[PDB]
Amino acid sequence: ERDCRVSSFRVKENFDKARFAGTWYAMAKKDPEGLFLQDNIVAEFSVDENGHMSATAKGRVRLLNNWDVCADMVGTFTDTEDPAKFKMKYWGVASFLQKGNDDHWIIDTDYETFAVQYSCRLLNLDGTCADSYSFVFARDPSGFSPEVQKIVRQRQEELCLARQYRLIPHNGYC
Ligand SMILES: CC1=C(/C=C/C(C)=C/C=C/C(C)=C/C(=O)Nc2ccc(O)cc2)C(C)(C)CCC1
């Protein structure tokens with residue numbers, strides 16, 4: 001019954017970039033293929049006077065060589081015709097960090113407690129997603145009550161990613 005076509009996914013209605021600024025802690029995540037961010041991830045969103053949006057992220061990375069380091073990443077977002085879907089350019093302070101450009105959709109958020117984000121880096125010929133990433137973010141590193149949980153569990157199912165997220169740890173590494 002429920003479709004897994006990226007184009008049919010709902011996103012956050014009348015998304016407000018400014019109530020979205022501030023510190024977001026990653027509590028859970030579904031990784032994409034390849035190299036990614038491990039744990040201890042925290043993002044910081046800002047908006048300038050022109051209504052832009054940028055962000056900086058920190059997290060631990062395990063190099064393919066099993067190096068334990070802490071990435072400082074930067075991303076600039078470009079607006080689209082849908083206030084909740086952005087094109088994100090990103091890079092790291094250290095050149096060895098991945099550079100790239102990903103779709104950045106705001107699935108759901110209450111601006112005050114939680115956020116559900118998602119990116120599909122590759123579409124299968126059917127319109128479903130072949131390689132995706134999604135973050136569950138919290139304003140507070142102690143979490144969400146049981147009722148906010150229930151809402152996040154439902155959006156996850158809606159993105160056809162239910163059961164695929166792992167809890168992310170925060171231990172002060174970076
Ligand atoms: C900017 C940031 C976003 C996305 C960041 C991404 C998705 C970072 C990826 C970094 C990686 C994947 C580094 C890596 O490239 N890790 C390694 C591993 C091993 C190695 O040898 C080199 C690098 C997002 C959504 C959080 C919030 C908006 C700000």
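These numbers come from the heavy atoms of this one structure, side chains and all, not from hydrogens, waters or symmetry mates. Read the numbers this way: they start at 1 and go in the same order the structure lists the ligands and their atoms. Just so you know, residue 1 is the first one in the sequence shown, and it goes up from there.
Counting only heavy atoms of the protein, atom 14 (C) of ligand 1 lies nearest to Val61 CG1, 3.8 Å. In this structure, atom 29 (C) of ligand 1 lies nearest to the protein heavy atom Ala55 CB, 3.8 Å. The protein atom (non-hydrogen) at minimum distance from atom 4 (C) of ligand 1 is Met88 CE, 3.3 Å. The shortest contact between atom 25 (C) of ligand 1 and any protein heavy atom is with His104 CE1, 3.6 Å. Annotation: atom 8 (C) of ligand 1 to nearest protein heavy atom, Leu37 CD1, 3.8 Å. Residue, atom and distance of the protein heavy atom nearest to atom 2 (C) of ligand 1 are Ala57 CB, 3.7 Å. The single protein non-hydrogen atom nearest to atom 10 (C) of ligand 1 is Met73 SD, 3.8 Å, given as residue, atom name and distance. Closest to atom 7 (C) of ligand 1 among all protein heavy atoms lies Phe36 CE1, 3.3 Å.
Ring planes of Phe15 and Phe86: perpendicular class, angle over 60° (limits at 30 and 60°). Aromatic ring orientation, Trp24 versus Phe137: tilted (interplanar angle from 30° to 60°).
A side-chain donor from one of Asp3 and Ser8 sits under 3.5 Å from a side-chain acceptor of the other. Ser134 and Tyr165 share a side-chain donor-acceptor pair at under 3.5 Å. Donor-acceptor pairing under 3.5 Å is lacking for the side chains of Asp82 and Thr80.
Note on ligand 1: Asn65 sits outside its first shell, no heavy atom being nearer than 4.0 Å. Using a 4.0 angstrom heavy-atom cutoff, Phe77 counts as in contact with ligand 1.
Among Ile41, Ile168, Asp39, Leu37, the one residue that satisfies the side chain to side chain contact (heavy atoms under 4.5 Å, CB included) test with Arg60 is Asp39.
Residue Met27 is grouped with residue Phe114 when hydrophobic side chains (ILVMFWY) are merged at heavy-atom distances under 4.5 angstrom, including chains of intermediate members.
Of the candidates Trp67, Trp91, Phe96, it is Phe96 that places a heavy atom closest to atom 23 (C) of ligand 1.
Proximity of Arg62 to ligand 1, defined as any heavy-atom pair under 4.0 Å, is confined to the backbone N, CA, C and O atoms.
Residue contact check: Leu64 has heavy atoms under 4.0 Å from atoms 19 (C), 20 (C), 21 (O) of ligand 1.
A centroid separation of 6.0 Å or more is found between the aromatic rings of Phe77 and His52.
In this structure, the salt bridge (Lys or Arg N to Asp or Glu O under 4.0 Å) partners of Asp103, at least two apart in sequence or on a different chain, are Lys87.
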